[PDB]
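Let me begin by presenting the structure, written as structure tokens, before commenting on it.
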Amino acid sequence: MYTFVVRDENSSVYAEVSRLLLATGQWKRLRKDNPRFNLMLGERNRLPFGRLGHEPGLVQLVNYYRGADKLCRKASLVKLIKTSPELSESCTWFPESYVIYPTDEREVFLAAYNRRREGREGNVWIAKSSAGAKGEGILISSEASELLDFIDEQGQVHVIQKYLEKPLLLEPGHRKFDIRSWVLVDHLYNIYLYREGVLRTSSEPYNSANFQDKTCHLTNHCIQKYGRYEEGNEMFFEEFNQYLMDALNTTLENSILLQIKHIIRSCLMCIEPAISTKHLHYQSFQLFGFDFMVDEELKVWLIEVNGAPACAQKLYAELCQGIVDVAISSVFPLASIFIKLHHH
Amino acid sequence: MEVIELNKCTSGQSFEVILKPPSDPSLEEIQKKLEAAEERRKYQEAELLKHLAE
Amino acid sequence: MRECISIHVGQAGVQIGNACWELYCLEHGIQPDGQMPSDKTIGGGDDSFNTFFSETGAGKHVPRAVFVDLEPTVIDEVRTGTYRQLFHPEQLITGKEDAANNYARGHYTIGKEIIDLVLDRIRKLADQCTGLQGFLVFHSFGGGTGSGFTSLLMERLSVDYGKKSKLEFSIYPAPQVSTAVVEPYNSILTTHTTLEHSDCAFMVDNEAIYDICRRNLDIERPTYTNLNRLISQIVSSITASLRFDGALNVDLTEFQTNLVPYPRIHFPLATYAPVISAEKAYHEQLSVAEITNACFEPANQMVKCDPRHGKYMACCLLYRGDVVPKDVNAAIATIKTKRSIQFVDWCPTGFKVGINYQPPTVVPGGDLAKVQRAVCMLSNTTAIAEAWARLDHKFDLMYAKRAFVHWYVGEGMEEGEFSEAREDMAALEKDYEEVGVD
Amino acid sequence: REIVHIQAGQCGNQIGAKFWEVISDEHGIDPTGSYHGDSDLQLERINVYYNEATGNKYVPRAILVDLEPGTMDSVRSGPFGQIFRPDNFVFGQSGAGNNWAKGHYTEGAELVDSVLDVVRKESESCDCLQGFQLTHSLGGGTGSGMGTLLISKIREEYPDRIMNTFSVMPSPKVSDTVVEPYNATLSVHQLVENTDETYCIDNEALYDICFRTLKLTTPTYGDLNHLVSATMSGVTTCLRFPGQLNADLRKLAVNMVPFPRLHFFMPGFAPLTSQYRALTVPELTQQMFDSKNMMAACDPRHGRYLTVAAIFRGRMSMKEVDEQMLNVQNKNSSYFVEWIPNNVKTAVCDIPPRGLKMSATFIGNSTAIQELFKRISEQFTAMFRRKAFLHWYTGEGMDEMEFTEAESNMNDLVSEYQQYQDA
Ligand SMILES: Nc1nc2c(ncn2[C@@H]2O[C@H](COP(=O)(O)OP(=O)(O)OP(=O)(O)O)[C@@H](O)[C@H]2O)c(=O)[nH]1
Ligand SMILES: Nc1ncnc2c1ncn2[C@@H]1O[C@H](COP(=O)(O)OP(=O)(O)CP(=O)(O)O)[C@@H](O)[C@H]1O
Ligand SMILES: Nc1cc(C(F)(F)F)c(-c2cc(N3CCOCC3)nc(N3CCCC3)n2)cn1
Ligand SMILES: Nc1nc2c(ncn2[C@@H]2O[C@H](COP(=O)(O)OP(=O)(O)O)[C@@H](O)[C@H]2O)c(=O)[nH]1
Ligand SMILES: [Ca+2]
Ligand SMILES: [Ca+2]
Ligand SMILES: [Ca+2]
Ligand SMILES: [Ca+2]
Ligand SMILES: [Mg+2]
Ligand SMILES: [Mg+2]
Ligand SMILES: [Mg+2]
């Protein structure tokens with residue numbers, strides 16, 4: 001039969017995948033450090049890709065793409081988008097962003113800010129870092145001077161990104177939201193967008209006056225804990241589509257999902273030559289969490305890409321089963337909920 | 001992308017293409033280690049032979 | 001003209017040297033009896049092939065090679081095989097019983113008793129050189145002799161020939177190709193002791209050669225002969241510059257100068273293309289663009305690892321056959337816009353290119369098809385540290401239980417040499433990380 | 001690289017004689033020592049086990065030892081009795097009465113210098129002696145007691161040569177006297193210190209294979225010895241034939257013994273058939289790893305393999321062999337220690353044994369072997385706690401302390417295996 005190892009005890013997604021594999025009668029879980037595995041569910045950090053693919057007679061597969069951090073760290077995402085000709089400085093779906101150390105873009109950020117203060121245009125920016133894990137270390141300010149001092153107090157790299165002053169607000173509530181899309185890239189570099197996304201909503205009305213209060217401005221589920229409009233500040237696509245039809249005479253597919261598919265395709269096609277495991281001695285797949293914002297003109301904006309996403313509770317079953325069918329059993333067969341984003 | 005230092009003969013040629021500019025132990029010490037290892041072998045063998053004589 | 005002495009140590013080193021000198025003789029028109037009808041200077045010369053071959057008054061062309069093994073059976077095949085007439089008997093050195101896959105036995109126990117004889121025989125070749133460049137040293141990492149005797153030999157060569165360059169061709173252990181269980185120990189012990197003494201070492205992972213032989217030559221179960229003829233093509237393309245007219249890598253020093261900016265990090269990755277099956281009756285000849293592109297495919301590397309996730313310090317392309325500079329630059333242009341090729345910031349992004357017009361020679365009746373053009377890329381990329389991490393991890397698994405350590409201590413080695421060697425490799429891995437990661 | 005062979009006592013000489021019949025046949029040597037084979041592969045490494053006498057005769061480098069003449073008269077009368085060098089029969093008249101102390105200390109001590117004289121005469125004519133192999137049982141007196149005394153005197157004279165034994169372990173199921181657990185426990189103590197490799201051949205397993213698998217209602221020693229000579233041919237295949245991989249005794253010990261005391265191997269053989277049917281490579285591989293095919297009565301699923309050697313004989317698909325070997329490890333992934341990488345070695349040799357188109361020989365260094373030593377130690381203690389049958393030994397000058405020490409050392413060995421079974 002087939003064998004696999006588990007090296008991220010803290011993965012909700014792959015605990016369920018492991019559970020499914022075992023309950024097919026054709027997968028056996030080995031100890032963390034047994035090298036004779038077919039499948040590695042790897043650790044989040046320092047994964048030993050260099051030890052994969054040297055076991056004689058084992059076809060070996062891992063659930064991470066080496067090199068995908070380029071997309072999944074906020075700093076490198078900004079650098080990737082600026083310096084990749086296929087994404088270019090001319091990319092229109094990513095908010096104006098700068099990387100700032102306490103290479104560094106401190107001066108060019110103030111140069112665009114000056115044009116905004118001189119221009120009296122909306123000059124509100126947000127500063128964050130992937131090192132600010134789960135609702136920690138975010139500052140939204142209308143003054144550029146105040147943003148930088150926040151960065152210098154912490155000793156890690158930050159990105160300064162234009163806060164979207166004009167977001168699409170759900171009604172009733174006059175309330176902010178974001179969209180999480182789950183995307184599975186398999187060993188052949190097929191790109192599979194899971195049919196179901198989630199809107200993470202804010203429970204409290206959007207207030208463009210003070211950004212001191214970070215609750216109606218930060219859509220993160222952890223920060224909302226609430227729940228009066230939808231169970232757990234999560235709205236699923238059937239409801240959001242019905243909302244867009246009733247309130248705006250349009251559909252989720254037309255106004256938003258075409259853009260989401262374009263952005264997913266653009267990002268993942270960009271890094272394909274650098275991370276593809278076609279013609280490698282081991283194979284990769286990875287599940288990605290893309291986070292989007294929507295503005296009031298129904299334009300979609302990429303906020304970040306998560307490399308080790310969790311899932312919405314009522315979707316773990318379906319999606320995890322999809323991971324097995326599409327990513328694992330396609331390589332290790334036993335004895336659609338995805339939308340294939342076709343490309344090159 | 002500049003080509004430099006092109007050299008040609010009847011057997012072939014060589015050249016450089018630039019795409020972007022940039023931005024001991026002594027003999028006695030060895031024989032000491034060899035002899036130290038030999039004496040350790042000699043010690044272990046004498047311990048064996050002593051054990052066998054017992 | 002400046003001479004180069006080849007030294008082949010242990011079974012792997014000897015059998016590969018056989019494959020290499022067979023190929024050299026074919027490449028230079030030297031018959032197995034040593035005669036060379038095209039060499040119109042009888043009994044002497046300073047042509048380019050004379051760096052590897054001396055000449056007797058009888059017109060015999062004699063390899064500047066010593067073969068060393070601690071048991072006689074492999075070298076006895078040399079003495080009785082096709083090329084027996086090539087070598088002087090003094091050049092072929094055998095002991096009685098081998099190192100039993102034990103570095104400590106090859107280095108301390110048996111090494112101590114045969115090293116002076118080997119040096120004496122090497123001195124005799126050196127005394128025939130008007131300007132010795134230095135040595136090319138062929139050996140396995142995993143064998144008791146290849147690891148332990150070579151490391152002793154390398155130390156003594158530095159003492160006796162301090163100004164001379166020393167290059168290695170090292171066979172890195174792979175379980176597909178018959179291995180001892182203790183080869184991780186031997187590989188680390190020999191890399192530690194040899195590091196200071198090697199100016200440039202070309203590692204060949206038997207796993208990669210094995211896989212090229214299965215995939216490109218359609219050989220279900222490669223033999224050592226299959227493996228060694230492929231290895232000898234790569235060696236020949238690396239040494240062709242020393243044996244033919246040319247201006248790139250014309251002496252041993254130029255290998256350090258072009259490939260090794262930091263002395264410890266002296267392990268260039270070799271990639272070779274094309275490897276085409278001779279049994280393949282229908283074959284379409286690959287272009288300069290295509291064989292150059294293939295140089296960035298992990299499947300053609302002598303060590304499987306991923307250069308896309310490392311950084312380059314230097315990169316040489318060595319072409320043989322129908323290639324002109326125009327095609328090389330057009331191919332490089334396309335590849336740079338299509339591939340992940342990142343250099344360290346303090347090194348120029350570029351390629352040193354050498355072209356030799358004679359296409360690769362292949363052994364008649366062998367497995368490789370004759371091609372109109374081939375290329376060997378030598379790149380010093382930090383990605384080859386993947387091979388060190390793999391090896392160091394296998395060492396750690398065994399050494400944590402001291403498994404098999406008593407065999408080494410029993411030969412007079414101290415247990416401390418193990419951790420000393422391992423800490424040197426941990427520093428080597430840290431050097432690669434500092435050079436290559438952001 | 002010559003090997004000197006010694007066979008001691010009744011069991012040792014009867015199994016030894018069959019070993020020489022089998023490998024003489026494989027090498028094309030007739031009972032008169034004349035070579036009549038058809039393949040140079042037969043003669044290429046024949047000097048490992050045979051000397052070349054004048055007239056193109058091959059003579060086993062074999063020394064036959066016993067303290068009574070009976071079994072060696074049988075050998076001289078046997079089928080290949082005439083190949084042995086007559087000077088290499090060394091025997092007394094007293095016997096050792098199934099008594100380790102007689103073999104090791106009294107009767108054996110009177111004979112042992114003569115044996116060492118012959119051993120020395122064979123070693124002196126060796127171009128490069130590899131080492132020694134001894135066949136003997138552990139349950140009697142001469143093979144057990146005089147055999148281990150011989151090993152100790154050989155180690156003293158040749159401390160840098162490899163010492164190997166094929167040692168037959170007693171079993172109540174196939175027993176001659178009640179003192180066998182005493183004789184075996186005293187012997188294991190010797191073997192722990194003075195051999196590099198011991199193939200543990202359990203008469204319990206040999207009986208069970210004959211009864212259950214070979215369907216022999218009443219096995220004889222002749223039937224058990226057929227299994228032993230076939231196993232011995234298999235394990236020495238890589239020494240006797242021009243197989244690649246270049247294996248001598250020391251290389252074998254280096255790859256199989258990660259800790260000096262843990263050098264007791266479980267052998268196995270396939271096929272065992274109760275036949276002309278083709279045996280496929282999957283079948284060979286499955287069978288050779290089956291407990292029912294192993295010659296130490298230990299369940300390998302009760303422990304973990306430190307190292308494994310697997311030798312395939314015949315013309316078969318190498319790719320299918322590699323495939324099946326990698327397959328059997330995954331079905332047994334738990335049973336190999338993870339801290340010795342690549343600890344399973346596969347060797348192939350084109351020459352099949354007599355009457356088989358293919359076969360496979362298994363050599364395991366498993367921690368499960370502790371079950372064998374536990375059995376013996378139990379049987380030892382049941383008698384020793386009441387000092388039963390001890391007068392046979394104290395009458396030869398032994399003290400109870402020596403029994404206590406040997407018991408302690410065997411229980412230390414057992415706990416050593418258990419320690420690495422959980423690492
Ligand atoms: N490519 C290749 N590898 C070989 C060859 N011979 C042996 N090897 C590899 O070398 C390692 C074994 O070391 P050897 O060179 O055979 O041992 P040695 O140097 O003769 O030392 P000893 O222990 O004394 O026999 C293993 O990893 C083998 O796979 C060969 O001809 N070609
Ligand atoms: N440019 C921008 N304009 C408006 N709102 C923004 C923004 N950038 C971030 N936000 C808000 O801040 C929240 C958290 O941002 P971000 O996703 O970068 O941090 P994070 O990685 O800690 C949480 P997650 O992993 O779910 O994306 C988002 O849900 C979004 O509502
Ligand atoms: N009777 C035998 C037979 C063999 C055989 F046939 F050569 F494989 C071996 C053996 C040799 C070996 N080598 C390795 C190096 O080449 C020499 C033979 N490595 C191994 N193993 C077992 C554990 C992992 C390595 N085992 C041992 N005893
Ligand atoms: N397998 C096997 N076991 C034997 C044979 N002869 C004796 N034994 C066993 O060996 C032990 C008896 O020792 P034995 O060799 O007869 O005594 P010794 O002559 O003094 O060495 C008991 O365990 C017997 O079961 C034999 O030919 N084959
Ligand atoms: Ca000349
Ligand atoms: Ca030097
Ligand atoms: Ca007497
Ligand atoms: Ca005497
Ligand atoms: Mg995040
Ligand atoms: Mg050898
Ligand atoms: Mg008896």
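Please note that chains go A, B, ... in the order of the structure tokens, that every chain numbers its residues from 1, and that ligands are numbered from 1 in the order shown.
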Counting only C-alpha atoms and all ligand atoms, what residues are within 8 Å of ligand 2, given as a PyMOL selection string?
-> chain A and resi 74+95+125-126+128-130+132-136+138+161-165+167+176-178+180+200+217-221+290-291+293+303-306+309
Give as a ChimeraX atom specification every residue of chain D that touches chain C within 10 Å, counting only C-alpha atoms.
-> /D:1,127-130,244-260,306-307,317-319,322,338-347,420,423
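Distance criterion 7 Å to chain B, applied with only C-alpha atoms, yields residues 108, 112, 159, 245, 246, 247, 248, 345, 346, 347, 348, 349, 350, 351, 352, 353, 354, 355, 356, 357, 410, 411, 412 and 413 of chain C on chain C.
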Check which residues of chain C sit at most 6 Å from ligand 5 using only C-alpha atoms and all ligand atoms, and return one row each with the closest pair of atoms and their distance in Å to one decimal, ordered by chain and rising number, as a Markdown table.
```
| residue | atom | partner | partner_atom_place_in_ligand_line | distance |
| --- | --- | --- | --- | --- |
| C:39 | CA | ligand 5 | 1 (Ca) | 5.1 |
| C:41 | CA | ligand 5 | 1 (Ca) | 3.9 |
| C:42 | CA | ligand 5 | 1 (Ca) | 5.1 |
| C:43 | CA | ligand 5 | 1 (Ca) | 5.9 |
| C:44 | CA | ligand 5 | 1 (Ca) | 4.3 |
| C:45 | CA | ligand 5 | 1 (Ca) | 4.0 |
```
Define the interface residues of chain C facing chain A as those within 10 Å, counting only C-alpha atoms, and report them as an NGL selection string.
-> :C and (174-176 or 207-208 or 297-299 or 304-309 or 338-341 or 383-391 or 393)
Output N, CA and C atoms of each residue in that selection to a file, as a short mmCIF file (atom, residue, chain, number, x, y, z; two decimals), in the first residue's frame.
```
data_model
loop_
_atom_site.label_atom_id
_atom_site.label_comp_id
_atom_site.auth_asym_id
_atom_site.auth_seq_id
_atom_site.Cartn_x
_atom_site.Cartn_y
_atom_site.Cartn_z
N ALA C 174 25.45 6.27 -3.38
CA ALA C 174 24.03 6.14 -3.63
C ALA C 174 23.63 4.69 -3.38
N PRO C 175 22.56 4.44 -2.61
CA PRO C 175 22.18 3.05 -2.32
C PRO C 175 21.77 2.24 -3.54
N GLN C 176 21.26 2.86 -4.60
CA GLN C 176 20.98 2.10 -5.82
C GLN C 176 22.21 1.33 -6.27
N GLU C 207 23.66 8.09 -7.82
CA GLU C 207 22.22 8.09 -8.07
C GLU C 207 21.89 8.80 -9.37
N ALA C 208 22.56 9.93 -9.64
CA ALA C 208 22.26 10.67 -10.86
C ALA C 208 22.72 9.91 -12.10
N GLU C 297 18.50 21.57 -16.48
CA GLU C 297 17.54 20.57 -16.08
C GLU C 297 18.16 19.71 -14.98
N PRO C 298 17.55 19.63 -13.80
CA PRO C 298 18.14 18.79 -12.74
C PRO C 298 18.39 17.36 -13.20
N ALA C 299 17.56 16.84 -14.10
CA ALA C 299 17.69 15.48 -14.61
C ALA C 299 19.00 15.22 -15.36
N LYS C 304 21.92 15.35 -8.16
CA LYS C 304 20.55 15.83 -8.16
C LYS C 304 20.38 16.86 -7.06
N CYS C 305 19.93 18.05 -7.43
CA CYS C 305 19.70 19.17 -6.52
C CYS C 305 19.06 20.25 -7.38
N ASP C 306 18.57 21.31 -6.73
CA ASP C 306 17.78 22.29 -7.46
C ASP C 306 18.49 23.65 -7.54
N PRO C 307 19.20 23.96 -8.64
CA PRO C 307 19.90 25.25 -8.73
C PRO C 307 19.00 26.46 -8.62
N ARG C 308 17.72 26.33 -8.97
CA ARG C 308 16.80 27.46 -8.88
C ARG C 308 16.70 28.02 -7.47
N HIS C 309 17.01 27.22 -6.46
CA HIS C 309 16.94 27.65 -5.07
C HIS C 309 18.33 27.69 -4.46
N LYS C 338 14.19 33.03 -19.50
CA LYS C 338 13.24 31.96 -19.23
C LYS C 338 13.50 31.18 -17.96
N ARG C 339 14.68 31.28 -17.36
CA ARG C 339 15.06 30.44 -16.24
C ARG C 339 15.47 31.26 -15.04
N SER C 340 15.47 30.59 -13.88
CA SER C 340 15.88 31.18 -12.61
C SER C 340 17.38 30.99 -12.48
N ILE C 341 18.13 32.05 -12.77
CA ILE C 341 19.60 32.04 -12.75
C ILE C 341 20.03 33.26 -11.95
N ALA C 383 23.38 25.26 -4.47
CA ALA C 383 22.42 24.16 -4.42
C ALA C 383 23.09 22.81 -4.16
N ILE C 384 24.37 22.67 -4.49
CA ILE C 384 25.05 21.40 -4.24
C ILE C 384 25.19 21.12 -2.75
N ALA C 385 24.96 22.10 -1.89
CA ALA C 385 24.98 21.83 -0.46
C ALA C 385 23.85 20.90 -0.05
N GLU C 386 22.82 20.75 -0.89
CA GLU C 386 21.79 19.74 -0.64
C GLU C 386 22.40 18.36 -0.48
N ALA C 387 23.43 18.05 -1.27
CA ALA C 387 24.11 16.77 -1.16
C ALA C 387 24.84 16.65 0.17
N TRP C 388 25.39 17.75 0.69
CA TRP C 388 26.03 17.70 2.00
C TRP C 388 25.00 17.49 3.11
N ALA C 389 23.85 18.18 3.02
CA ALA C 389 22.81 18.03 4.04
C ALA C 389 22.29 16.59 4.09
N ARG C 390 22.03 15.99 2.92
CA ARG C 390 21.58 14.61 2.87
C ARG C 390 22.57 13.69 3.57
N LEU C 391 23.85 13.84 3.23
CA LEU C 391 24.88 12.98 3.78
C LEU C 391 25.04 13.21 5.28
N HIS C 393 22.87 14.23 7.33
CA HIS C 393 21.73 13.71 8.08
C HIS C 393 21.84 12.20 8.30
#
```
Find the residues of chain B in contact range of chain D, meaning any atom within 10 Å when counting only C-alpha atoms, and list them as an NGL selection string.
-> :B and (45 or 48-53)
Please produce an output containing N, CA, C and O atoms for each residue in the selection, written as a PDB file, in the first residue's frame.
```pdb
ATOM      1  N   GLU B  45      45.404  -4.385  21.490  1.00  0.00           N
ATOM      2  CA  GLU B  45      45.774  -5.775  21.272  1.00  0.00           C
ATOM      3  C   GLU B  45      46.433  -6.369  22.511  1.00  0.00           C
ATOM      4  O   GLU B  45      46.217  -7.543  22.837  1.00  0.00           O
ATOM      5  N   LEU B  48      43.735  -7.252  24.915  1.00  0.00           N
ATOM      6  CA  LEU B  48      43.177  -8.533  24.495  1.00  0.00           C
ATOM      7  C   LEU B  48      44.076  -9.688  24.914  1.00  0.00           C
ATOM      8  O   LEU B  48      43.612 -10.651  25.532  1.00  0.00           O
ATOM      9  N   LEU B  49      45.371  -9.615  24.583  1.00  0.00           N
ATOM     10  CA  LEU B  49      46.262 -10.730  24.882  1.00  0.00           C
ATOM     11  C   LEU B  49      46.402 -10.942  26.389  1.00  0.00           C
ATOM     12  O   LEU B  49      46.501 -12.084  26.856  1.00  0.00           O
ATOM     13  N   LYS B  50      46.386  -9.853  27.163  1.00  0.00           N
ATOM     14  CA  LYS B  50      46.363  -9.957  28.618  1.00  0.00           C
ATOM     15  C   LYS B  50      45.097 -10.653  29.105  1.00  0.00           C
ATOM     16  O   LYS B  50      45.144 -11.497  30.006  1.00  0.00           O
ATOM     17  N   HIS B  51      43.956 -10.286  28.534  1.00  0.00           N
ATOM     18  CA  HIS B  51      42.691 -10.921  28.872  1.00  0.00           C
ATOM     19  C   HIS B  51      42.721 -12.406  28.520  1.00  0.00           C
ATOM     20  O   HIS B  51      42.241 -13.247  29.289  1.00  0.00           O
ATOM     21  N   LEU B  52      43.325 -12.755  27.384  1.00  0.00           N
ATOM     22  CA  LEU B  52      43.375 -14.157  26.991  1.00  0.00           C
ATOM     23  C   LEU B  52      44.328 -14.946  27.880  1.00  0.00           C
ATOM     24  O   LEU B  52      44.034 -16.092  28.241  1.00  0.00           O
ATOM     25  N   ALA B  53      45.467 -14.356  28.248  1.00  0.00           N
ATOM     26  CA  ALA B  53      46.373 -15.025  29.178  1.00  0.00           C
ATOM     27  C   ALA B  53      45.700 -15.305  30.516  1.00  0.00           C
ATOM     28  O   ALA B  53      45.975 -16.337  31.139  1.00  0.00           O
TER      29      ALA B  53
END
```
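By only C-alpha atoms, and with residues fewer than 3 positions from residue 116 (chain C) along its chain excluded, the set lying at most 12 Å from it is residues 27 and 31 of chain B; 93, 110, 111, 112, 113, 119, 120, 121, 122, 123, 149, 152, 153, 156, 157 and 160 of chain C.
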Any chance you can output those residues with C-alpha atoms as a JSON list (two decimals), in the first residue's frame?
```json
[["chain", "number", "residue", "atom", "x", "y", "z"],
["B", 27, "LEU", "CA", 55.27, 15.72, 7.66],
["B", 31, "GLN", "CA", 53.51, 10.72, 11.08],
["C", 93, "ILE", "CA", 50.22, -0.66, -7.13],
["C", 110, "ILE", "CA", 46.95, 0.02, 5.95],
["C", 111, "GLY", "CA", 47.63, 3.56, 4.72],
["C", 112, "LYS", "CA", 50.61, 3.83, 7.08],
["C", 113, "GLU", "CA", 52.28, 0.81, 5.48],
["C", 119, "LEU", "CA", 54.76, 8.48, -3.09],
["C", 120, "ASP", "CA", 57.95, 6.88, -4.40],
["C", 121, "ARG", "CA", 56.10, 5.71, -7.51],
["C", 122, "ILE", "CA", 54.53, 9.17, -7.94],
["C", 123, "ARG", "CA", 57.92, 10.86, -7.52],
["C", 149, "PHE", "CA", 43.82, 6.18, 1.78],
["C", 152, "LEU", "CA", 46.25, 10.40, 3.67],
["C", 153, "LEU", "CA", 47.62, 10.67, 0.13],
["C", 156, "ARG", "CA", 51.29, 13.96, 1.82],
["C", 157, "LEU", "CA", 50.95, 15.46, -1.67],
["C", 160, "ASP", "CA", 55.76, 16.90, -1.01]]
```
